[PDB]
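J.: Provided hereafter are the protein sequence and its experimental coordinates.
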There are 2 protein chains.
Amino acid sequence: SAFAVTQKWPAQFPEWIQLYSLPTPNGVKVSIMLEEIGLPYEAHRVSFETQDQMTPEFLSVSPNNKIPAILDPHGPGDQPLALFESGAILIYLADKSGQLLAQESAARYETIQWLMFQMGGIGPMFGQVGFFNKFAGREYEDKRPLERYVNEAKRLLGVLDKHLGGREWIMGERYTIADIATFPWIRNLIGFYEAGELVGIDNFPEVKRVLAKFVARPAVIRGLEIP
Amino acid sequence: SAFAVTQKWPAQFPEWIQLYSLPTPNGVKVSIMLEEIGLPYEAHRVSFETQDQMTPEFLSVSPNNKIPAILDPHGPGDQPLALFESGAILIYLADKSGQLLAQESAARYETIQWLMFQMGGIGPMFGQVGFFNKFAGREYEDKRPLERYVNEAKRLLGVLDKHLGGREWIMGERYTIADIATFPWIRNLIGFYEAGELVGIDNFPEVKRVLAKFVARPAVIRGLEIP
Ligand SMILES: N[C@@H](CCC(=O)N[C@@H](CS)C(=O)NCC(=O)O)C(=O)O
Ligand SMILES: N[C@@H](CCC(=O)N[C@@H](CS)C(=O)NCC(=O)O)C(=O)O
Ligand SMILES: N[C@@H](CCC(=O)N[C@@H](CS)C(=O)NCC(=O)O)C(=O)O
Ligand SMILES: N[C@@H](CCC(=O)N[C@@H](CS)C(=O)NCC(=O)O)C(=O)O
Ligand SMILES: [Cl-]
Ligand SMILES: [Cl-]
C-alpha cells in the first residue's frame, strides 16, 4: 500500500476489502452485499460534511467524487483492485463470491437487465425527487420540475409493481443483486426523502411487500447502518 | 414465435437477433455494438410518434416502455431471450461474441465501472439537459433547473476529460463497450440537444478527441443511422 487513498483511510485490516462509503441508498447497496455474501471487509466513513469525497485521496479510487468505492487488496491475479459505481461493485462481488447472480443463462442477463433498470432509472430519478422535495430544490417556486420527477418515480414504481406481481423477488424465486440494488432506494424515497405520500407508495403493494421482506433480512439490517 | 412482440414486428430473418430501437443515443449503442462485432441482426424501428413503445407488444420485451430492446432467437441454451436496457444488452452481446470486453481480470470490472458511470450518470443527466434545453422544459421561466443539469453535465465531462488524458479510449489502448455506451451520448448532447456551447464542450479536448475517433469508425457510422 503505497496508495493515496490509504493516507486518509489506513487499513486496520489490510487483507480485507476496503469500503469507502456512507449510509446512503447507493452506499448501503455494497455494505448489504458484503454482509449477504459473508466476505470479510473493513468500512470507512466518507463524510460529506467535511467534503471527504473531494480530496485527492478519495479521487484516486473514485474520480467521479462519489461513494461507494472499494479497494480489494486481493482482486484478480491477487493484485489490488479499486472500483467505483455501486452496480459495478455488485457484479464484481457477485462474480467473486459466486452468489446472488446466476453464473450464466438467461437468468444472469435478466438480472443485469433489472440492475441496469435501477442504475439508469430508479437511482437517478429518485435522486431528483430528493433534490426537489428535501434539498435546495424544495424552495423553487415553479413546481413543474418536482412534478416531472414525482411522475417519473410513479412510472418506474408501477413498472416494478407490475413486475413483482406473483414473484418473491425481482428475479422470481431467487433473491439477487437486483433486489440489493433496488430496495435501498425505495426505502430512501419514502423514508429520508419523505416522498411516500407524494408518489403514492401505498398504490404499489407488490413493491411494498418485497421491500418489507428486504428490510427484515438481518444482513440488510446490519448493512443499512454501515458505516 | 408465438410471441406478442413479433405480432407488430415480424421477423424477415427469424434466426437473427431482433432489434427494437430508434436512432437515439441509447439505441445507437446497440446497433453500433452489433455492427462492431459482426453479429447478424434484424432492425425494427419503434416510432415514438405513433407511440409504438406503449403497445402491449413492445411491453412484452421492454416493460419499461423504452428502447433499445432485443430478442435473440438463439440465446443461452438455444432458447429465445428478450432483454431491455442498453447496458445489459452491451454486456450480453460482449459475452456472446467474446469482443469489446475483457474475459476477466481487473480490466473487465474497470470496463463495467465506466459503463455504469455512463448508465447512471452520463445518460440520465444529459437527458435532463435535453428536456430543459430542447423540449418542453425549454419554456420554464425559472432557469435554475437547466443550470443544475448543465453544471452536472460539465462535472461529468470533466471527470471523463481528466480520465482520457493520455489514453486512446476509455480503457486506455483497447476500444471497449464503455466507449460504445459513452460517445453516442456526448454526440447527442452537442448535436441534437444543441448544448455544445452551453456545457462549453471545447473545454474538454480529450473528450472531443476520442469522440472524433469514435464517429470515424465505419461500424459506428452505419450504426448511428440504424434503424
Ligand atoms: N451511479 C453511482 C451513483 C453514486 C452516488 O450518487 N453517490 C452519492 C451518494 S448516494 C455521492 O457520493 N454524492 C457525493 C457527491 O456527489 O458529492 C453509483 O451507483 O455508485
Ligand atoms: N449534490 C449532488 C449529489 C447528491 C447525490 O449524490 N444524491 C444521491 C443520493 S444520496 C443521488 O441522487 N444518486 C443518484 C443515483 O444513484 O443514480 C446533487 O445535488 O445531485
Ligand atoms: N436506461 C435505459 C434508458 C433507455 C431510454 O431512455 N430510451 C429512450 C430513448 S433514448 C426511450 O425509449 N424513450 C421512450 C419513452 O420514454 O417513452 C437504457 O439504457 O436502455
Ligand atoms: N419523455 C420522457 C422520456 C424521453 C427520453 O427517453 N429521453 C432519453 C434520451 S432520447 C433519455 O433521457 N434517456 C436517459 C438515459 O439514457 O439514462 C422524458 O421526458 O424524460
Ligand atoms: Cl425479466
Ligand atoms: Cl479505471
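T.: Looks like it arrived, so ask away. Numbers count the residues shown, from 1 in each chain, chains lettered A, B, ... in the order given. Ligands and ions are numbered 1, 2, ... in the order given.

J.: what about the strands in chain A?
T.: With DSSP state E applied, chain A shows strands at A:17-21, A:41-45, A:69-72, A:81-84, listed in chain order.

J.: From the contact counts, what lies against the second one?
T.: The criterion is 3 or more CB pairs under 8 Å, 6 or more residues apart in numbering or on different chains; DSSP states H and E, and the helices and strands that strand A:41-45 contacts are strand A:17-21. Using the backbone N, CA and C atoms, a C-beta is placed for each residue, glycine as well.

J.: And the contacts of the strand it packs on?
T.: Residues from elsewhere that reach strand A:17-21 (CB atoms under 8 Å, 6 or more residues apart in numbering or on different chains): A:5-6, A:9, A:11, A:27, A:30-31, A:34, A:39-46, A:58, A:61-62, A:67-73, A:226-227.

J.: same deal with stretch A:129-142?
T.: Contacting residues not belonging to stretch A:129-142 are listed as A:145-146, A:149-150, A:153, A:188-189, A:192-195, A:198-199, B:140-142, B:144-145, B:148 [CB under 8 Å, 6+ apart].

J.: quick one: is it near ligand 4?
T.: No: in terms of CB under 6 Å from any ligand atom, no part of stretch A:129-142 sits within range of ligand 4; the closest distance is 14.0 Å.

J.: Could I get the buried residue list for that stretch?
T.: Judged by neighbour count using 16 or more other CB atoms under 10 Å in any protein chain shown, the buried positions of stretch A:129-142 are A:129, A:130, A:131, A:132, A:133, A:137, A:140.

J.: Tell me the one of these nearest ligand 1?
T.: Distance from ligand 1 was checked for each of the buried residues of stretch A:129-142 by CB to the nearest ligand atom. The minimum falls on residue A:130, at 9.6 Å.

J.: related to what we said a few turns ago, which stretch among the strands of chain A comes nearest residue A:210?
T.: Put simply, out of these the one that sits nearest residue A:210 is strand A:17-21, at 23.8 Å, with distance taken as CB to CB.

J.: Are that closest one and ligand 2 in contact anywhere?
T.: No: contact between strand A:17-21 and ligand 2 is absent, the nearest approach being 11.4 Å (criterion: CB under 6 Å from any ligand atom).

J.: what lines up beside that strand in the sheet?
T.: Strand A:17-21 has these partner strands in its sheet, going by DSSP bridges: strand A:41-45 (parallel), strand A:69-72 (antiparallel).

J.: coming back round to it: would you list the buried entries among the contacts of stretch A:129-142?
T.: When the contacts of stretch A:129-142 are checked against 16+ other CB under 10 Å, the ones flagged as buried are A:145-146, A:149-150, A:153, A:188-189, A:193, A:195, A:198-199, B:140, B:145, B:148.

J.: Farthest pair within these?
T.: A:188 and B:140 (26.8 Å).

J.: per the record, what domains does chain A have?
T.: When chain A is parsed into structural domains using curated CATH domains, the resulting residue ranges are A:1-100, A:101-227.

J.: Between the two ends of the shortest one, how far is it?
T.: Same thing as domain A:1-100. Using CA to CA, to the nearest Å, the end-to-end distance of domain A:1-100 comes out at 30 Å.

J.: Contacts (any at all) between ligand 4 and it?
T.: No: in terms of CB under 6 Å from any ligand atom, no part of domain A:1-100 sits within range of ligand 4; the closest distance is 13.1 Å.

J.: check whether that domain contacts ligand 1.
T.: Yes: part of domain A:1-100 sits close enough to ligand 1 to count as contact by CB under 6 Å from any ligand atom, namely A:24-27, A:48, A:53, A:65-68, A:85-87.

J.: what's the offset of that domain from the middle of its chain?
T.: In terms of CA atoms, centre = their mean, to the nearest Å, the centre of domain A:1-100 is set 13 Å apart from its chain centre.

J.: can you tell me how far residue A:43 sits from residue A:16?
T.: With distances defined as CB to CB, to the nearest Å, the gap from residue A:43 to residue A:16 amounts to 10 Å.

J.: For the residue of chain A most remote from its centre, give its distance to residue A:167.
T.: Among the C-alpha atoms of chain A, the one farthest from their average position, using CA atoms, centre = their mean, is that of residue A:141, at 31.0 Å. In this structure, residue A:141 and residue A:167 are separated by 42 Å, where distance is defined by CB to CB.

J.: follow-up on the earlier one: which of the contacts of strand A:17-21 are buried? Put it as a ChimeraX command.
T.: Per 16+ other CB under 10 Å, the buried members of the contacts of strand A:17-21 correspond to this ChimeraX selection:
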select /A:5,6,9,11,27,30,31,34,41,42,43,44,45,46,58,61,62,67,68,69,70,71,72,73,226
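
J.: Look at residue A:103 and say how many residues are nearby.
T.: The number of residues packed around residue A:103, counting by other CB atoms under 10 Å in any protein chain shown, is 9.

J.: ditto for residue A:191
T.: The number of residues packed around residue A:191, counting by other CB under 10 Å, is 11.

J.: before we move on, back to that, for the residues of domain A:1-100 next to ligand 1, which single residue is the most surrounded?
T.: Most neighbours among the residues of domain A:1-100 next to ligand 1, by other CB under 10 Å: residue A:86, with 32 neighbours.
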